[PDB]
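What's in entry20.txt: compact mmCIF, C-alpha atoms and all ligand atoms
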```
# COMPACT_ATOMS: atom_id res chain seq x y z
CA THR A 1 -32.92 -0.29 2.53
CA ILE A 2 -29.38 -1.56 1.85
CA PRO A 3 -28.68 -3.25 -1.52
CA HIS A 4 -27.32 -6.78 -1.18
CA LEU A 5 -24.72 -7.61 -3.84
CA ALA A 6 -23.17 -10.96 -4.75
CA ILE A 7 -19.89 -9.43 -5.99
CA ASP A 8 -16.82 -11.06 -4.44
CA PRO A 9 -14.15 -8.32 -4.26
CA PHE A 10 -11.54 -10.98 -3.39
CA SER A 11 -12.09 -13.20 -6.44
CA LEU A 12 -9.65 -13.47 -9.34
CA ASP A 13 -12.39 -12.30 -11.71
CA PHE A 14 -12.60 -9.09 -9.65
CA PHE A 15 -8.81 -8.72 -9.45
CA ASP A 16 -8.56 -9.08 -13.23
CA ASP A 17 -10.77 -6.04 -13.90
CA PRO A 18 -12.28 -4.39 -10.81
CA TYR A 19 -13.34 -1.08 -12.37
CA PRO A 20 -16.76 -2.13 -13.78
CA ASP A 21 -17.69 -3.86 -10.52
CA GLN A 22 -16.49 -0.81 -8.57
CA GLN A 23 -18.94 1.43 -10.44
CA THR A 24 -21.69 -1.12 -9.70
CA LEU A 25 -20.74 -0.86 -6.01
CA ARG A 26 -20.65 2.96 -6.09
CA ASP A 27 -23.90 3.27 -8.03
CA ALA A 28 -25.87 0.76 -5.95
CA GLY A 29 -25.79 3.17 -3.01
CA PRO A 30 -23.56 4.84 -0.44
CA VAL A 31 -23.57 1.67 1.71
CA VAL A 32 -23.89 -1.85 0.30
CA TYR A 33 -23.93 -5.31 1.87
CA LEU A 34 -21.75 -8.07 0.39
CA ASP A 35 -23.56 -11.39 0.92
CA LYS A 36 -20.40 -13.31 -0.04
CA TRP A 37 -18.57 -12.43 3.20
CA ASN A 38 -21.33 -10.82 5.33
CA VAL A 39 -19.72 -7.38 5.46
CA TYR A 40 -20.76 -3.83 4.70
CA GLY A 41 -19.10 -2.07 1.79
CA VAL A 42 -18.45 1.57 0.92
CA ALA A 43 -17.01 2.45 -2.50
CA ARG A 44 -17.77 6.18 -2.87
CA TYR A 45 -15.16 8.76 -1.89
CA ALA A 46 -17.39 10.54 0.63
CA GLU A 47 -18.15 7.41 2.66
CA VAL A 48 -14.59 6.04 2.52
CA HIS A 49 -13.22 9.37 3.75
CA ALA A 50 -15.90 9.57 6.46
CA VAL A 51 -15.06 6.10 7.82
CA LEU A 52 -11.29 6.68 7.77
CA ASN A 53 -11.73 9.91 9.76
CA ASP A 54 -13.96 8.45 12.51
CA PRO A 55 -11.60 6.00 14.25
CA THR A 56 -13.78 5.87 17.39
CA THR A 57 -16.83 4.49 15.57
CA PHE A 58 -14.86 2.52 12.94
CA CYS A 59 -11.99 1.07 14.97
CA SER A 60 -8.84 -0.76 13.89
CA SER A 61 -8.08 -2.71 17.10
CA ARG A 62 -10.48 -5.47 16.03
CA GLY A 63 -8.35 -5.97 12.89
CA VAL A 64 -8.30 -4.23 9.49
CA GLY A 65 -8.77 -7.52 7.64
CA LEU A 66 -11.95 -9.54 7.36
CA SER A 67 -11.22 -11.41 10.60
CA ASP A 68 -12.68 -9.92 13.80
CA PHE A 69 -10.08 -10.15 16.58
CA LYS A 70 -12.90 -10.32 19.13
CA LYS A 71 -14.03 -13.56 17.43
CA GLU A 72 -10.89 -15.20 15.95
CA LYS A 73 -7.23 -15.22 16.87
CA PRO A 74 -4.94 -13.04 14.72
CA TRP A 75 -2.60 -15.01 12.49
CA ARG A 76 0.28 -13.02 14.04
CA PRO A 77 0.61 -10.79 17.12
CA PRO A 78 -1.25 -7.57 16.28
CA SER A 79 0.75 -4.64 14.96
CA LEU A 80 1.27 -1.92 17.55
CA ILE A 81 0.23 0.87 15.16
CA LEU A 82 -2.00 -0.40 12.33
CA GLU A 83 -4.13 -2.65 14.53
CA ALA A 84 -4.37 -0.24 17.47
CA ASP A 85 -6.73 2.59 18.37
CA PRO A 86 -6.08 5.85 20.25
CA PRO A 87 -4.69 6.33 22.79
CA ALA A 88 -2.74 3.06 22.50
CA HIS A 89 -1.91 3.92 18.87
CA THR A 90 -0.65 7.45 19.59
CA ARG A 91 2.80 6.90 21.11
CA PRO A 92 3.93 4.13 18.72
CA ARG A 93 2.68 6.30 15.84
CA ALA A 94 4.75 9.23 17.11
CA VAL A 95 7.92 7.12 17.16
CA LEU A 96 7.46 5.95 13.58
CA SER A 97 6.61 9.53 12.57
CA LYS A 98 9.95 10.72 13.98
CA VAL A 99 11.91 7.76 12.59
CA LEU A 100 10.49 8.45 9.11
CA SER A 101 10.42 12.23 9.53
CA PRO A 102 10.95 15.03 7.01
CA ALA A 103 14.33 15.52 8.71
CA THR A 104 15.20 11.85 8.24
CA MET A 105 14.47 12.10 4.51
CA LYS A 106 17.35 14.59 4.14
CA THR A 107 19.85 11.96 5.33
CA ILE A 108 18.73 9.38 2.74
CA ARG A 109 17.66 11.40 -0.33
CA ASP A 110 21.05 11.62 -2.04
CA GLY A 111 21.70 7.88 -1.70
CA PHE A 112 18.20 6.99 -2.89
CA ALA A 113 18.49 9.31 -5.90
CA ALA A 114 21.93 7.91 -6.81
CA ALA A 115 20.72 4.29 -6.77
CA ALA A 116 17.72 5.28 -8.90
CA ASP A 117 19.91 7.00 -11.50
CA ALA A 118 22.27 4.00 -11.47
CA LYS A 119 19.45 1.50 -12.01
CA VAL A 120 18.02 3.43 -14.97
CA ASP A 121 21.49 3.58 -16.53
CA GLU A 122 21.88 -0.17 -15.96
CA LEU A 123 18.52 -0.96 -17.57
CA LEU A 124 19.22 1.34 -20.53
CA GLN A 125 22.26 -0.86 -21.23
CA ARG A 126 19.90 -3.85 -21.54
CA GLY A 127 17.13 -2.12 -23.50
CA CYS A 128 14.41 -4.76 -23.17
CA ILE A 129 13.70 -5.28 -19.46
CA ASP A 130 10.89 -6.42 -17.16
CA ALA A 131 9.78 -3.21 -15.46
CA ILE A 132 8.50 -5.20 -12.47
CA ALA A 133 11.33 -7.57 -11.56
CA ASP A 134 14.13 -5.42 -12.96
CA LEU A 135 12.84 -1.99 -11.90
CA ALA A 136 9.72 -1.76 -9.72
CA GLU A 137 11.05 -4.57 -7.49
CA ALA A 138 14.80 -4.14 -7.96
CA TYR A 139 15.04 -0.48 -6.96
CA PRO A 140 13.25 -0.56 -3.55
CA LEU A 141 15.21 -3.71 -2.66
CA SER A 142 18.44 -1.80 -3.40
CA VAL A 143 17.72 1.12 -1.04
CA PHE A 144 15.13 0.25 1.60
CA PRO A 145 16.67 -2.86 3.26
CA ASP A 146 20.00 -1.04 3.59
CA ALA A 147 18.22 2.03 4.98
CA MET A 148 16.53 -0.27 7.53
CA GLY A 149 19.90 -1.63 8.64
CA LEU A 150 19.16 -5.20 7.54
CA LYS A 151 22.01 -7.61 6.93
CA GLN A 152 22.45 -9.05 3.44
CA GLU A 153 21.55 -12.65 4.34
CA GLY A 154 17.89 -13.64 4.17
CA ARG A 155 16.59 -10.65 2.18
CA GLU A 156 14.79 -13.08 -0.16
CA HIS A 157 12.22 -13.46 2.66
CA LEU A 158 11.15 -9.81 2.49
CA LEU A 159 8.94 -9.99 -0.61
CA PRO A 160 7.13 -13.23 0.39
CA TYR A 161 6.49 -11.86 3.87
CA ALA A 162 5.04 -8.64 2.41
CA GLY A 163 2.72 -10.58 0.11
CA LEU A 164 1.68 -12.81 2.98
CA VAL A 165 0.78 -9.88 5.26
CA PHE A 166 -1.53 -8.30 2.69
CA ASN A 167 -3.01 -11.63 1.63
CA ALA A 168 -3.83 -12.28 5.31
CA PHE A 169 -6.07 -9.19 5.39
CA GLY A 170 -8.43 -11.00 3.01
CA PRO A 171 -11.11 -13.63 3.57
CA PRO A 172 -10.10 -17.25 4.19
CA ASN A 173 -9.93 -17.98 0.45
CA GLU A 174 -7.19 -19.96 -1.30
CA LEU A 175 -4.93 -16.91 -1.64
CA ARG A 176 -4.95 -16.33 2.12
CA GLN A 177 -4.78 -19.94 3.28
CA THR A 178 -1.95 -20.91 0.93
CA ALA A 179 0.03 -17.84 2.04
CA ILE A 180 -0.28 -18.78 5.71
CA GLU A 181 0.62 -22.41 4.95
CA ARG A 182 4.03 -21.32 3.63
CA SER A 183 4.62 -18.55 6.16
CA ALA A 184 6.80 -20.18 8.85
CA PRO A 185 10.25 -19.49 7.28
CA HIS A 186 9.44 -15.85 6.49
CA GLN A 187 7.98 -15.17 9.94
CA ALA A 188 11.10 -16.59 11.61
CA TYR A 189 13.43 -14.45 9.49
CA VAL A 190 11.44 -11.25 10.04
CA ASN A 191 11.01 -11.66 13.79
CA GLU A 192 14.73 -12.35 14.27
CA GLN A 193 15.81 -9.22 12.37
CA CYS A 194 13.61 -7.10 14.65
CA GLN A 195 15.98 -7.59 17.59
CA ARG A 196 18.27 -4.64 18.32
CA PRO A 197 21.60 -6.50 17.79
CA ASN A 198 20.61 -7.41 14.21
CA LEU A 199 19.94 -3.81 13.06
CA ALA A 200 22.90 -1.79 11.78
CA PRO A 201 23.43 1.57 13.52
CA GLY A 202 22.03 4.67 11.87
CA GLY A 203 19.25 2.69 10.18
CA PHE A 204 15.50 2.83 10.71
CA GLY A 205 15.40 -0.26 12.93
CA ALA A 206 18.19 0.95 15.20
CA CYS A 207 16.52 4.36 15.42
CA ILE A 208 13.31 2.72 16.62
CA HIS A 209 15.19 0.91 19.41
CA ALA A 210 16.83 4.22 20.38
CA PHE A 211 13.38 5.69 21.10
CA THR A 212 12.93 3.25 24.00
CA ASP A 213 14.93 5.65 26.23
CA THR A 214 12.37 8.46 25.85
CA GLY A 215 9.26 6.93 27.41
CA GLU A 216 7.30 6.77 24.15
CA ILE A 217 7.89 3.03 23.73
CA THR A 218 9.39 0.36 26.00
CA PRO A 219 12.22 -1.96 24.89
CA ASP A 220 9.81 -4.90 24.58
CA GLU A 221 7.69 -2.78 22.20
CA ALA A 222 10.55 -2.04 19.79
CA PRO A 223 10.75 -5.40 17.91
CA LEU A 224 7.06 -5.30 16.94
CA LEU A 225 7.45 -1.68 15.80
CA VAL A 226 10.42 -2.69 13.66
CA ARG A 227 8.22 -5.50 12.33
CA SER A 228 5.86 -2.87 10.91
CA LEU A 229 8.61 -1.56 8.63
CA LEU A 230 9.30 -5.11 7.40
CA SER A 231 5.59 -5.73 6.70
CA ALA A 232 4.43 -2.49 5.05
CA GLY A 233 6.23 -0.35 2.52
CA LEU A 234 7.83 -2.88 0.19
CA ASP A 235 5.04 -4.28 -2.00
CA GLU A 236 3.02 -1.04 -2.03
CA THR A 237 6.00 0.96 -3.29
CA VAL A 238 6.90 -1.75 -5.83
CA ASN A 239 3.30 -1.78 -7.10
CA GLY A 240 3.11 2.02 -7.14
CA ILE A 241 6.37 2.34 -9.07
CA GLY A 242 5.29 -0.41 -11.46
CA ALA A 243 1.98 1.34 -12.07
CA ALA A 244 3.72 4.64 -12.84
CA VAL A 245 5.88 2.95 -15.46
CA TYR A 246 2.79 1.25 -16.90
CA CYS A 247 0.99 4.60 -17.01
CA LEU A 248 3.95 6.33 -18.66
CA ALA A 249 3.89 3.58 -21.30
CA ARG A 250 0.11 3.63 -21.84
CA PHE A 251 -0.06 7.46 -21.84
CA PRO A 252 2.95 8.57 -23.95
CA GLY A 253 1.73 12.17 -23.82
CA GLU A 254 2.31 12.19 -20.06
CA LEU A 255 5.88 10.86 -20.35
CA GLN A 256 6.61 13.66 -22.83
CA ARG A 257 5.31 16.23 -20.34
CA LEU A 258 7.36 14.62 -17.56
CA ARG A 259 10.49 14.70 -19.72
CA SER A 260 9.96 18.40 -20.45
CA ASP A 261 9.57 19.20 -16.73
CA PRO A 262 11.23 16.58 -14.50
CA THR A 263 10.10 18.51 -11.41
CA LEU A 264 6.67 16.95 -12.05
CA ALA A 265 8.17 13.61 -10.94
CA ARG A 266 6.71 13.77 -7.43
CA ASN A 267 3.18 14.54 -8.60
CA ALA A 268 3.52 11.97 -11.38
CA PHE A 269 4.11 9.31 -8.71
CA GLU A 270 1.34 10.69 -6.49
CA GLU A 271 -1.08 10.54 -9.42
CA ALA A 272 0.04 6.96 -10.03
CA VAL A 273 -0.80 6.15 -6.41
CA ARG A 274 -4.29 7.58 -6.99
CA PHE A 275 -4.71 5.92 -10.40
CA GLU A 276 -3.55 2.46 -9.26
CA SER A 277 -4.07 2.58 -5.48
CA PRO A 278 -1.60 -0.20 -4.60
CA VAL A 279 -3.67 -0.74 -1.44
CA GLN A 280 -7.12 -1.47 -2.86
CA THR A 281 -9.14 -2.27 0.29
CA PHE A 282 -9.11 -2.85 4.01
CA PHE A 283 -11.64 -3.09 6.82
CA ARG A 284 -12.87 -1.28 9.90
CA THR A 285 -15.11 -2.67 12.67
CA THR A 286 -18.03 -0.71 14.13
CA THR A 287 -17.89 -0.12 17.89
CA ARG A 288 -21.54 0.98 18.05
CA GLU A 289 -24.67 1.35 15.97
CA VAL A 290 -23.95 4.10 13.43
CA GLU A 291 -25.79 5.87 10.63
CA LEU A 292 -23.55 6.09 7.55
CA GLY A 293 -25.07 7.56 4.39
CA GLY A 294 -28.64 6.89 5.48
CA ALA A 295 -27.79 3.33 6.55
CA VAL A 296 -28.02 1.87 10.06
CA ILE A 297 -25.00 -0.37 10.73
CA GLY A 298 -25.00 -2.45 13.90
CA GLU A 299 -22.23 -2.86 16.43
CA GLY A 300 -19.37 -5.25 15.77
CA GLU A 301 -19.84 -5.31 11.98
CA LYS A 302 -17.02 -5.33 9.45
CA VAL A 303 -16.94 -2.44 6.97
CA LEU A 304 -14.98 -2.87 3.74
CA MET A 305 -13.45 0.30 2.29
CA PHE A 306 -12.67 0.44 -1.44
CA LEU A 307 -9.74 2.86 -1.58
CA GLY A 308 -9.13 2.41 -5.30
CA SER A 309 -12.81 2.97 -6.08
CA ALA A 310 -12.88 6.12 -3.93
CA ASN A 311 -9.86 7.36 -5.91
CA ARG A 312 -11.87 6.91 -9.14
CA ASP A 313 -15.28 8.14 -7.93
CA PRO A 314 -16.57 10.64 -10.55
CA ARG A 315 -18.44 12.35 -7.69
CA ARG A 316 -15.01 13.57 -6.50
CA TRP A 317 -12.61 13.43 -9.46
CA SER A 318 -12.86 14.91 -12.94
CA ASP A 319 -11.94 12.28 -15.54
CA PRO A 320 -10.86 9.79 -12.84
CA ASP A 321 -9.94 7.08 -15.38
CA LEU A 322 -7.22 9.34 -16.86
CA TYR A 323 -3.59 9.53 -15.73
CA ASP A 324 -2.77 13.26 -15.42
CA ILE A 325 0.61 14.15 -13.91
CA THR A 326 -0.52 17.74 -13.31
CA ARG A 327 -3.73 16.73 -11.51
CA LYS A 328 -4.40 18.25 -8.09
CA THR A 329 -4.02 14.96 -6.21
CA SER A 330 -4.42 16.33 -2.67
CA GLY A 331 -7.21 14.47 -0.90
CA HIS A 332 -6.79 11.07 -2.54
CA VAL A 333 -7.09 8.14 -0.13
CA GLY A 334 -4.30 6.02 -1.65
CA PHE A 335 -2.32 6.57 1.56
CA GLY A 336 -5.46 6.48 3.72
CA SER A 337 -6.63 9.46 5.77
CA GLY A 338 -6.84 10.47 9.41
CA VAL A 339 -4.82 9.15 12.36
CA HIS A 340 -3.64 6.02 10.52
CA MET A 341 -2.64 7.79 7.28
CA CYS A 342 0.53 6.06 6.04
CA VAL A 343 3.43 6.91 8.37
CA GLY A 344 5.91 5.82 5.68
CA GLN A 345 4.40 8.03 2.95
CA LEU A 346 7.50 10.24 2.92
CA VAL A 347 9.71 7.23 2.13
CA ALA A 348 7.35 6.02 -0.61
CA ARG A 349 7.16 9.44 -2.27
CA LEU A 350 10.95 9.81 -2.15
CA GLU A 351 11.49 6.38 -3.76
CA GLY A 352 8.86 7.07 -6.41
CA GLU A 353 10.02 10.62 -7.11
CA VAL A 354 13.70 9.83 -7.60
CA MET A 355 12.90 6.90 -9.90
CA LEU A 356 10.50 8.89 -12.09
CA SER A 357 13.05 11.72 -12.12
CA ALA A 358 15.78 9.38 -13.34
CA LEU A 359 13.39 8.15 -16.04
CA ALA A 360 12.43 11.73 -16.95
CA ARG A 361 16.07 12.68 -17.54
CA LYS A 362 17.49 9.56 -19.23
CA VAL A 363 14.62 7.86 -21.11
CA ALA A 364 12.91 9.07 -24.29
CA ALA A 365 10.35 6.29 -24.83
CA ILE A 366 8.86 3.38 -22.86
CA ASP A 367 7.18 0.82 -25.12
CA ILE A 368 5.48 -2.38 -23.99
CA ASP A 369 6.98 -5.23 -26.02
CA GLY A 370 5.47 -8.30 -24.37
CA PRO A 371 2.53 -9.87 -22.54
CA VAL A 372 1.53 -7.99 -19.39
CA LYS A 373 0.73 -10.23 -16.41
CA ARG A 374 -1.21 -9.30 -13.28
CA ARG A 375 -0.11 -10.13 -9.73
CA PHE A 376 -3.01 -11.34 -7.57
CA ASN A 377 -3.31 -10.37 -3.89
CA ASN A 378 -6.33 -10.06 -1.60
CA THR A 379 -5.35 -6.48 -0.66
CA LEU A 380 -2.79 -5.23 -3.20
CA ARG A 381 -3.14 -4.28 -6.86
CA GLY A 382 -0.05 -4.54 -9.03
CA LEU A 383 1.61 -6.24 -11.96
CA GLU A 384 3.55 -9.50 -12.09
CA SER A 385 5.39 -8.73 -15.35
CA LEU A 386 5.72 -5.62 -17.52
CA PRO A 387 8.08 -6.18 -20.47
CA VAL A 388 9.11 -2.78 -21.84
CA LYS A 389 11.66 -1.36 -24.26
CA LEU A 390 13.63 1.58 -22.84
CA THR A 391 14.79 4.06 -25.50
CA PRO A 392 17.65 6.28 -24.27
CA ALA A 393 17.14 10.04 -24.39
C1 LIG B 401 2.85 3.60 -2.54
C2 LIG B 401 3.25 3.26 -1.31
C3 LIG B 401 2.31 3.07 -0.09
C4 LIG B 401 0.96 2.99 -0.04
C5 LIG B 401 -0.05 3.03 -1.21
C6 LIG B 401 0.57 2.82 1.36
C7 LIG B 401 -0.71 2.70 1.85
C8 LIG B 401 -1.09 2.78 3.18
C9 LIG B 401 -2.44 2.98 3.66
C10 LIG B 401 -3.67 3.14 2.74
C11 LIG B 401 -2.40 3.00 5.01
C12 LIG B 401 -3.61 3.20 5.96
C13 LIG B 401 -4.01 1.89 6.64
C14 LIG B 401 -5.21 2.13 7.52
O1 LIG B 401 -5.67 3.30 7.62
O2 LIG B 401 -5.72 1.15 8.12
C15 LIG B 401 -1.02 2.82 5.42
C16 LIG B 401 -0.52 2.76 6.72
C17 LIG B 401 0.78 2.44 7.07
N1 LIG B 401 1.85 2.37 6.21
FE1 LIG B 401 1.77 2.70 4.17
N2 LIG B 401 1.72 2.83 2.12
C18 LIG B 401 2.79 2.98 1.28
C19 LIG B 401 4.11 3.03 1.67
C20 LIG B 401 4.58 2.76 2.94
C21 LIG B 401 5.97 2.79 3.37
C22 LIG B 401 7.14 3.12 2.42
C23 LIG B 401 6.00 2.45 4.67
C24 LIG B 401 7.22 2.33 5.63
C25 LIG B 401 8.48 2.62 5.30
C26 LIG B 401 4.64 2.23 5.11
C27 LIG B 401 4.24 1.87 6.39
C28 LIG B 401 2.98 2.03 6.92
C29 LIG B 401 2.59 1.86 8.31
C30 LIG B 401 3.53 1.47 9.49
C31 LIG B 401 1.28 2.11 8.40
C32 LIG B 401 0.42 2.07 9.67
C33 LIG B 401 0.31 3.53 10.12
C34 LIG B 401 -0.73 3.69 11.19
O3 LIG B 401 -1.46 2.70 11.48
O4 LIG B 401 -0.83 4.81 11.76
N3 LIG B 401 3.80 2.43 4.02
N4 LIG B 401 -0.26 2.69 4.28
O1 LIG B 402 2.75 -4.30 10.16
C1 LIG B 402 2.23 -3.15 10.13
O2 LIG B 402 2.36 -2.37 11.11
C2 LIG B 402 1.35 -2.73 8.96
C3 LIG B 402 0.91 -3.69 8.07
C4 LIG B 402 0.09 -3.32 7.02
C5 LIG B 402 -0.28 -1.99 6.88
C6 LIG B 402 -1.23 -1.58 5.77
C7 LIG B 402 -1.01 -0.58 4.77
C8 LIG B 402 -2.10 -0.41 3.90
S1 LIG B 402 -3.31 -1.48 4.42
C9 LIG B 402 -2.50 -2.17 5.72
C10 LIG B 402 0.13 -1.04 7.79
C11 LIG B 402 0.96 -1.41 8.84
CL CL B 403 5.75 -12.37 11.97
```

Can the structure in the file be given as structure tokens, please?
Ligand code: HEM
Ligand SMILES: O=C(O)c1ccc(-c2ccsc2)cc1
Ligand SMILES: [Cl-]
Amino acid sequence: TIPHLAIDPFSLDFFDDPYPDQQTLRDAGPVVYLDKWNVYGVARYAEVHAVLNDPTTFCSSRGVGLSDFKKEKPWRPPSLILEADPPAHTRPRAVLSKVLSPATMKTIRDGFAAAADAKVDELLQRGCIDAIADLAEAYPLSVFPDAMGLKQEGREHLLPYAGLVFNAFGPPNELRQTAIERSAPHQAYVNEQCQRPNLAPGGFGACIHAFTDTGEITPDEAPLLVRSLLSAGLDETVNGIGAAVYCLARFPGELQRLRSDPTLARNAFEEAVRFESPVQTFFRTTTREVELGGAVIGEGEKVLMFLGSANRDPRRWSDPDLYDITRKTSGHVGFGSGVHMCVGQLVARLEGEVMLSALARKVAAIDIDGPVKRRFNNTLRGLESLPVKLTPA
């Protein structure tokens, strides 16, 4: 009653062009079985949204990667928020929600917008730039580590640790195993910076340690919570920003609309998060036998959610393969949905908005002038290189 498919969603062939295989997954049925890794798969919007919003049946405490924590040991101590279920998840989630609150955004918006304007001006002086290394990567590195309160030394570990974390959500393929092989230096840097003395006052990390006085987290819980903000946030925002630039270059009509109304910058980034979905997939584990879309799934089974596919499901979106900066994007699952829906989504939207705004006001044309190269990751979708010409407005 369940179609069995041989598609490997963690193969380089799939990473190169996942959209045809995603339709095959959506059109085979609401629930598929992937014989390659012995997991259930859901690629339609309705089933992805259903799973994300039933955390009791589809839990996260047994890991949101392929590995089942009841069967194998986690490659690192489990995150206190991503890899936790209610009620254990609730109080750590509330701390990160207050640390990255709408009120917190007010204290950092002017500095984030200034660095974005300054980077665009710098790149306009060069003309031909790599929109990944020089823009998508450079800008978040120039605002987020300082907003965390991280010292200057050792910041070169942040990007490799981010790519390791998301590679480790995948199956034990070469991408995952080679990432873990090289992980020891990045783990040691990240864990050390999580200690309260190493986090500058006023920053995100120091604000997490300050919540230990309230009874929501204990002092021994703070370093792991800080670790969450050194694991998530970086590569997703880089990939999302890089995808928005790529879209603005592939769809010149949308850049012209953004230039004419720079207040569309926020929705232009949100639509890029839907169009690209920097986080393509992750897992849940069933805690009981469950019927999902006419399919009986046993207890203790891994369920693979295709976020990017759900964001392009024609059963939910009109013209999903088109980048439309005025699209009603509310309801996309690029940030997830339910109790685990990205706690840093306000930081990501701010970073994306102020960068697209700086582009909207200072740039007249964005033209690809070189070979585009993909960056391969078991969980993340994004570009390795995007050579573009920036024409000043
Ligand atoms: C374009 C940018 C981003 C995307 C696409 C993204 C994506 C996601 C998704 C899909 C989830 C849900 C995971 C799940 O349900 O299992 C999530 C959770 C999370 N994200 Fe993001 N994220 C982004 C930016 C950020 C930023 C900037 C931060 C921190 C500053 C961050 C930190 C977190 C954390 C800590 C969680 C776990 C929340 C929880 O378990 O309740 N993310 N993210
Ligand atoms: O270290 C953490 O707490 C953490 C790590 C990864 C994610 C994430 C985001 C989209 S898929 C998985 C969330 C939180
Ligand atoms: Cl670690």

Surrounding residues of stretch 139-150 of chain A excluding itself and chain neighbours under 5 positions, 6 Å, all atoms listed in the file, as a PyMOL selection string: chain A and resi 199-200+203-205

Between A:221, A:270, A:156, A:121, which residue has the minimum interatomic distance to residue A:358, considering only C-alpha atoms?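 For residue A:358, the nearest of the given residues is A:121.
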
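Taking atom CA of residue A:58 and atom CA of residue A:42 as the two end points, the separation is 12.6 Å.
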
Extending 6 Å beyond the listed atoms of ligand LIG 402 (chain B) on each side, what axis-aligned box results? I want centre and edge lengths in Å to one decimal, as lines of an AutoDock Vina configuration file.
```
center_x = -0.3
center_y = -2.4
center_z = 7.5
size_x = 18.1
size_y = 15.9
size_z = 19.2
```

All residues 12 Å or closer to residue A:238, all atoms listed in the file, same chain fewer than 2 positions away omitted, as a PyMOL selection string: chain A and resi 131-142+144+159+162-163+232-236+240-245+269+272-273+276-279+348-349+351-352+355+375+380-385

As a quick test: using all atoms listed in the file, which residues lie no more than 6 Å away from ligand CL 403 (chain B)? Give them as a ChimeraX atom specification. /A:76,187,191

For stretch 16-28 of chain A, find every residue with an atom within 10 Å (counting all atoms listed in the file), except residues of its own chain fewer than 4 positions away, and show them as a PyMOL selection string. chain A and resi 2-5+7-12+32-34+41-45+280+306+308-310+312-315+321+373-376+381

Closest-contact table, chain A side, partner ligand LIG 401 (chain B), 7 Å, counting all atoms listed in the file, as a Markdown table:
```
| residue | atom | partner | partner_atom | distance |
| --- | --- | --- | --- | --- |
| A:52 | CA | B:LIG401 | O1 | 6.6 |
| A:60 | CA | B:LIG401 | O2 | 6.8 |
| A:64 | CA | B:LIG401 | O2 | 6.1 |
| A:81 | CA | B:LIG401 | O3 | 4.4 |
| A:82 | CA | B:LIG401 | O3 | 3.3 |
| A:83 | CA | B:LIG401 | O3 | 6.7 |
| A:93 | CA | B:LIG401 | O4 | 5.6 |
| A:228 | CA | B:LIG401 | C30 | 5.1 |
| A:229 | CA | B:LIG401 | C24 | 5.1 |
| A:232 | CA | B:LIG401 | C27 | 4.6 |
| A:233 | CA | B:LIG401 | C21 | 3.3 |
| A:234 | CA | B:LIG401 | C22 | 6.4 |
| A:236 | CA | B:LIG401 | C2 | 4.4 |
| A:237 | CA | B:LIG401 | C2 | 4.1 |
| A:240 | CA | B:LIG401 | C1 | 4.9 |
| A:273 | CA | B:LIG401 | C1 | 5.9 |
| A:277 | CA | B:LIG401 | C5 | 5.9 |
| A:278 | CA | B:LIG401 | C5 | 4.9 |
| A:279 | CA | B:LIG401 | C5 | 5.2 |
| A:282 | CA | B:LIG401 | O2 | 6.7 |
| A:333 | CA | B:LIG401 | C10 | 6.7 |
| A:334 | CA | B:LIG401 | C5 | 5.2 |
| A:335 | CA | B:LIG401 | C10 | 3.9 |
| A:336 | CA | B:LIG401 | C10 | 3.9 |
| A:337 | CA | B:LIG401 | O1 | 6.5 |
| A:339 | CA | B:LIG401 | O4 | 5.9 |
| A:340 | CA | B:LIG401 | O4 | 3.3 |
| A:341 | CA | B:LIG401 | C12 | 4.9 |
| A:342 | CA | B:LIG401 | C16 | 3.5 |
| A:343 | CA | B:LIG401 | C33 | 4.9 |
| A:344 | CA | B:LIG401 | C23 | 3.5 |
| A:345 | CA | B:LIG401 | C19 | 5.2 |
| A:347 | CA | B:LIG401 | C22 | 4.9 |
| A:348 | CA | B:LIG401 | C22 | 4.2 |
```

I need the residue nearest ligand LIG 402 (chain B) from this list: A:325, A:120, A:114, A:92. Use all atoms listed in the file for the distance.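 Going through A:325, A:120, A:114, A:92 one by one, the smallest distance to ligand LIG 402 (chain B) is for A:92.
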
Mind pulling up the distance from atom CA of residue A:247 to atom CA of residue A:316?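 About the pair atom CA of residue A:316 and atom CA of residue A:247: they are 21.1 Å apart.
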
Any idea what the distance is between atom CA of residue A:291 and atom CA of residue A:305?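 Interatomic distance here is 15.9 Å.
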
Which residue of A:79, A:104, A:287, A:311 approaches ligand LIG 402 (chain B) most closely, using all atoms listed in the file: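 Of the candidates, the smallest distance to ligand LIG 402 (chain B) is held by A:79.
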
Of the listed residues A:124, A:129, A:84, A:207, that which approaches ligand LIG 402 (chain B) most closely, counting all atoms listed in the file: A:84

Looking at all atoms listed in the file, which of A:211, A:283, A:307, A:116 is the one that sits closest to residue A:360? A:116
